[PDB]
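J.: Okay, handing you the structure first.
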Amino acid sequence: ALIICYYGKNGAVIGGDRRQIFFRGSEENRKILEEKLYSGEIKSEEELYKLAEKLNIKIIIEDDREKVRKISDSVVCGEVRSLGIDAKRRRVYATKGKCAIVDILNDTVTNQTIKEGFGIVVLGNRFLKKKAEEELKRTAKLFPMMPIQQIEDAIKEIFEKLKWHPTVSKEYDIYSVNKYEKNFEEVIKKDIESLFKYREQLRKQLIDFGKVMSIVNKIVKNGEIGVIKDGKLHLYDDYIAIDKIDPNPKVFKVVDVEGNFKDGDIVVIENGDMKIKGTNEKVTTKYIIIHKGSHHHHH
Amino acid sequence: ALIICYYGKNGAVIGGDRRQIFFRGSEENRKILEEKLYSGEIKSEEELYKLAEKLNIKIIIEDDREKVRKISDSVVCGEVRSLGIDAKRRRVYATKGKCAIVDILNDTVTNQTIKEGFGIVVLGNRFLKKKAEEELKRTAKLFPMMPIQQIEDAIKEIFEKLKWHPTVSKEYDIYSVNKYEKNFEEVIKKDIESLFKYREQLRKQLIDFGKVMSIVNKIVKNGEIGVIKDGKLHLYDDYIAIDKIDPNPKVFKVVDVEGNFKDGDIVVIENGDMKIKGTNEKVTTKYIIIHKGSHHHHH
Amino acid sequence: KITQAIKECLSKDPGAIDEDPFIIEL
Amino acid sequence: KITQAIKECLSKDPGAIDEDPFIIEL
């Protein structure tokens, strides 16, 4: 990944590639290739796969998503992410005269530095930042007096100069603005809050996925579920009934049933077929029956 | 895992342990430890973790679930599973006089052998089957004339004789029957059909999970969503609205909104706040707005 | 990619069914 | 164990943020 951002009174400009590389392998080989990629010895994508193949580790390049956003006519944002044990992020926000470098670990903002004036921020691996510096070190001081367009272009040249490297996609996005954001801190806080809501939703859906699947596993294949009291199936304290296969379904102790039976008869199931114990006559119901406990025969 | 099953006219008896061992590591080291475990050179659980630690591969033993079931007073079942690229299973069903060895790959029954008479079937790895054979080879011929209880015990001794090995849990379940199942084939077909329904449900829930998460990702942070036509928010062809965060939500083009506005005004969002373009006055709605496309800025 | 990766990652009792089951006919 | 395993397995751009960002003040 590579993000280059400029901020000044003339405006904010930010360019970013789209490359994300996933690794799937052992710890040592992950770390060995991880360093060799940023060491600069890896030339192109050919030697990446080929060396990764030698280390019996699969890599998956994905250039299909933008690292940079234009939040408004006043603000632009660029994000780099590094996922593993933790979900580490590095964002850079920019506007007319101001710039904000934010550091996120999981669901927390570790650091947030805001700056007023003129400057350039570059996000990426150690190799690209080293290379990008040595392009900017000369040309950077001409930025403050340039128009926006010329800076966008100046940055385009830097991406074209570096994109050959396999940590950078061959295509890239650039967005710019020349309006000042009055509530620059609030805008950033609100954009970040969305991320934390998304992670919350992700965890809530992940919990509810399992919560539904648990219920499916609790469906009674074979059990002695209850007794017909007063023309209705009174279920034991062990079993309960539910209307749908939902994450939070409605619980029932007494259930409506259709079939040939009387009061006092024991209700059972075998091989998913609900019948009367002794009669072995077929009995139907609109509701799904389950164990109350998620433990029947260990878990 | 270890399952030992006897079948005869005196009845069916089946014993099974509860041990499942998961591996998480590279392909070679998975295969290297995989063989060394079944080679017989691995003595106990100490050398398992210790050797697995040397190979930088984590193993997770779980003795918390039964491998054997008593489907009815007529039938008993015992299952061994081996999960990896594919989900390979080996079940053994038994009843008075009959026995069925079933082989499943994923959602298909590869083989199904049924037998009438007297016999013993053992499921497990190559080491245990070798060892179990050499216990049974002597004592097996006394089974046909024994009572059920004595066979259950005879099997209990075999488990106690072998449980020291780290591919077998120190606790085990045993279930037996002495009734003949009239529709032995149908019972098995119905028990298996449940597995395929569970895998179907699992895939259907997994599809619906992503389907919900896609929607969450399509929620509009910043967009020019529509125009207020005739006192109602007419949404553009690009955006749509939904009532809940559901997998298959109800779509809306016209939406009820509350706030200070008139006809002809443009409706926008920035940082999740819905407002009137130009006014910047706060506007509310009961529905969630999303991009119609799942592609906004690439995917 | 995620559903793919878990099958590539986790391996429960591999090679435990790579041989025929042991049978005796009495 | 499954949610645990994926974080132990997949690794997107590790070490890509192990160093400070490059900054210039103009």
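Here's how to read the names in the structure tokens: chain A, B, ... by the order shown, residue numbers from 1 in each chain, ligand numbers from 1 in the order shown.
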Should the cut-off be 10 Å, what would the residue list for chain A against chain C look like, counting only C-alpha atoms, as an MDAnalysis selection string?
T.: chainID A and resid 24:25 60
J.: For the selection just defined, write its residues with N, CA and C atoms to a file, as a JSON list (two decimals), in the first residue's frame.
T.:
[["chain", "number", "residue", "atom", "x", "y", "z"],
["A", 24, "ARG", "N", -1.19, -16.50, 3.75],
["A", 24, "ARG", "CA", -1.73, -17.66, 4.45],
["A", 24, "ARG", "C", -0.64, -18.72, 4.58],
["A", 25, "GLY", "N", -0.04, -18.82, 5.77],
["A", 25, "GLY", "CA", 1.03, -19.77, 6.02],
["A", 25, "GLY", "C", 1.48, -19.78, 7.47],
["A", 60, "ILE", "N", -2.27, -13.68, -1.78],
["A", 60, "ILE", "CA", -3.42, -13.28, -2.59],
["A", 60, "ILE", "C", -3.44, -11.76, -2.74]]
J.: Where does chain B meet chain A within 8 Å, residue by residue, with the nearest atom pair and distance in Å to one decimal for each, counting only C-alpha atoms, listed by chain and rising number, as JSON lines?
T.:
{"residue": "B:25", "atom": "CA", "partner": "A:26", "partner_atom": "CA", "distance": 6.3}
{"residue": "B:26", "atom": "CA", "partner": "A:26", "partner_atom": "CA", "distance": 6.0}
{"residue": "B:64", "atom": "CA", "partner": "A:299", "partner_atom": "CA", "distance": 5.5}
{"residue": "B:65", "atom": "CA", "partner": "A:298", "partner_atom": "CA", "distance": 5.4}
{"residue": "B:66", "atom": "CA", "partner": "A:297", "partner_atom": "CA", "distance": 6.9}
{"residue": "B:71", "atom": "CA", "partner": "A:222", "partner_atom": "CA", "distance": 7.0}
{"residue": "B:72", "atom": "CA", "partner": "A:270", "partner_atom": "CA", "distance": 7.1}
{"residue": "B:187", "atom": "CA", "partner": "A:271", "partner_atom": "CA", "distance": 7.3}
{"residue": "B:190", "atom": "CA", "partner": "A:271", "partner_atom": "CA", "distance": 6.7}
{"residue": "B:191", "atom": "CA", "partner": "A:271", "partner_atom": "CA", "distance": 6.4}
{"residue": "B:198", "atom": "CA", "partner": "A:216", "partner_atom": "CA", "distance": 7.7}
{"residue": "B:202", "atom": "CA", "partner": "A:213", "partner_atom": "CA", "distance": 7.3}
{"residue": "B:205", "atom": "CA", "partner": "A:209", "partner_atom": "CA", "distance": 7.1}
{"residue": "B:206", "atom": "CA", "partner": "A:209", "partner_atom": "CA", "distance": 7.8}
{"residue": "B:209", "atom": "CA", "partner": "A:209", "partner_atom": "CA", "distance": 6.9}
{"residue": "B:213", "atom": "CA", "partner": "A:202", "partner_atom": "CA", "distance": 7.2}
{"residue": "B:216", "atom": "CA", "partner": "A:198", "partner_atom": "CA", "distance": 7.4}
{"residue": "B:217", "atom": "CA", "partner": "A:198", "partner_atom": "CA", "distance": 7.8}
{"residue": "B:222", "atom": "CA", "partner": "A:71", "partner_atom": "CA", "distance": 6.8}
{"residue": "B:270", "atom": "CA", "partner": "A:72", "partner_atom": "CA", "distance": 7.3}
{"residue": "B:271", "atom": "CA", "partner": "A:191", "partner_atom": "CA", "distance": 5.9}
{"residue": "B:272", "atom": "CA", "partner": "A:190", "partner_atom": "CA", "distance": 8.0}
{"residue": "B:297", "atom": "CA", "partner": "A:66", "partner_atom": "CA", "distance": 6.8}
{"residue": "B:298", "atom": "CA", "partner": "A:65", "partner_atom": "CA", "distance": 5.4}
{"residue": "B:299", "atom": "CA", "partner": "A:64", "partner_atom": "CA", "distance": 5.5}
J.: Any chance you could export the current selection's C-alpha atoms as a compact mmCIF listing (two decimals), in the first residue's frame?
T.:
# COMPACT_ATOMS: atom_id res chain seq x y z
CA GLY B 25 -0.34 -25.32 10.68
CA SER B 26 1.44 -25.86 7.36
CA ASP B 64 -16.40 -32.94 24.90
CA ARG B 65 -18.69 -34.73 22.38
CA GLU B 66 -19.97 -38.29 21.97
CA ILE B 71 -31.19 -43.75 17.69
CA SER B 72 -33.89 -46.01 19.09
CA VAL B 187 -33.92 -45.64 9.44
CA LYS B 190 -33.51 -40.84 7.41
CA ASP B 191 -30.71 -40.32 9.95
CA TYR B 198 -27.83 -29.54 8.70
CA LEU B 202 -25.24 -24.21 7.58
CA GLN B 205 -27.16 -19.28 7.11
CA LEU B 206 -23.62 -18.61 5.86
CA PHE B 209 -24.79 -13.80 6.94
CA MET B 213 -23.10 -7.82 5.95
CA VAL B 216 -24.38 -3.03 6.20
CA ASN B 217 -21.45 -2.10 3.93
CA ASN B 222 -21.98 10.33 2.23
CA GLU B 270 -22.57 13.62 5.14
CA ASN B 271 -20.92 11.72 8.02
CA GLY B 272 -24.15 9.71 8.47
CA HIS B 297 -16.02 2.86 -5.62
CA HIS B 298 -15.05 -0.76 -6.59
CA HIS B 299 -15.44 -4.28 -5.16
J.: As a count of residues only, please: every residue in chain D that a backbone DSSP assignment puts in alpha helix (DSSP H).
T.: 8
J.: I need the residues in range 28-255 of chain A that are strand (DSSP E) according to DSSP; give them as a compact mmCIF listing (two decimals) with C-alpha atoms, in the first residue's frame.
T.:
# COMPACT_ATOMS: atom_id res chain seq x y z
CA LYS A 58 0.12 -18.68 -0.55
CA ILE A 59 -0.28 -14.95 -1.20
CA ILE A 60 -3.42 -13.28 -2.59
CA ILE A 61 -3.10 -9.85 -4.23
CA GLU A 62 -6.29 -7.74 -4.40
CA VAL A 68 -8.66 6.97 -0.39
CA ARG A 69 -11.99 8.78 0.05
CA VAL A 76 -10.27 13.84 2.13
CA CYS A 77 -9.14 10.64 3.85
CA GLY A 78 -6.65 7.85 3.11
CA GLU A 79 -6.37 4.58 5.02
CA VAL A 80 -3.75 1.85 5.39
CA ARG A 81 -4.60 -1.35 7.26
CA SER A 82 -2.52 -4.21 8.61
CA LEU A 83 -4.52 -7.20 9.83
CA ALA A 87 -6.51 -5.02 13.27
CA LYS A 88 -4.03 -2.14 13.06
CA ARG A 89 -4.86 0.92 10.91
CA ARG A 90 -3.20 4.17 9.89
CA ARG A 91 -5.43 6.90 8.43
CA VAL A 92 -4.53 10.34 7.13
CA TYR A 93 -7.18 13.06 6.88
CA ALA A 94 -6.63 16.37 5.10
CA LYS A 98 -4.91 21.21 8.17
CA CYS A 99 -3.97 17.51 8.29
CA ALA A 100 -4.73 14.71 10.76
CA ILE A 101 -2.72 11.51 11.20
CA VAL A 102 -4.81 8.97 13.15
CA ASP A 103 -3.64 5.64 14.60
CA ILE A 104 -6.20 2.95 15.35
CA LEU A 105 -5.76 -0.38 17.10
CA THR A 108 -9.57 2.38 19.81
CA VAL A 109 -7.75 5.50 18.62
CA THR A 110 -4.21 5.18 19.98
CA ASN A 111 -2.83 8.43 18.51
CA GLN A 112 -4.34 11.47 16.77
CA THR A 113 -2.00 14.26 15.64
CA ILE A 114 -3.47 17.32 13.89
CA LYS A 115 -1.30 19.89 12.11
CA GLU A 116 -1.83 23.40 10.75
CA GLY A 119 3.33 19.52 4.68
CA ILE A 120 3.41 16.04 3.22
CA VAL A 121 2.54 12.72 4.85
CA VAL A 122 3.32 9.31 3.36
CA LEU A 123 1.87 6.02 4.59
CA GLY A 124 3.18 2.59 3.56
CA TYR A 172 -4.38 4.45 -8.28
CA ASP A 173 -6.93 7.04 -7.12
CA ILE A 174 -6.43 10.76 -6.41
CA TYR A 175 -8.86 13.19 -4.75
CA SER A 176 -8.38 16.87 -3.83
CA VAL A 177 -10.16 19.80 -2.15
CA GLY A 223 -36.80 -37.33 22.63
CA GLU A 224 -39.65 -37.80 25.11
CA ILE A 225 -40.90 -34.23 24.78
CA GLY A 226 -44.14 -33.94 26.78
CA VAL A 227 -47.70 -34.94 27.65
CA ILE A 228 -51.08 -33.84 26.27
CA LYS A 229 -52.75 -31.94 29.14
CA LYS A 232 -52.81 -29.28 24.45
CA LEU A 233 -49.17 -30.42 24.35
CA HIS A 234 -47.68 -29.43 27.71
CA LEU A 235 -43.91 -29.67 27.26
CA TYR A 239 -37.77 -29.14 26.20
CA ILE A 240 -39.20 -25.95 24.63
CA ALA A 241 -40.81 -24.89 21.34
CA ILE A 242 -40.17 -22.03 18.91
CA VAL A 251 -40.54 -19.55 23.49
CA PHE A 252 -43.60 -21.76 24.10
CA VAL A 254 -47.90 -25.17 25.58
CA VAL A 255 -48.30 -25.82 21.84
J.: Do you have the CA of residue 54 in chain B-CA of residue 22 in chain B distance handy?
T.: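 We find that CA of residue 54 in chain B and CA of residue 22 in chain B lie 16.8 Å from each other.
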J.: So the first atom is CA of residue 161 in chain B and the second is CA of residue 128 in chain B; what is the distance between them in Å, to one decimal place?
T.: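 We find that CA of residue 161 in chain B and CA of residue 128 in chain B lie 11.0 Å from each other.
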J.: Just give me the gap between CA of residue 220 in chain A and CA of residue 1 in chain B in Å, one decimal is fine.
T.: 25.6 Å
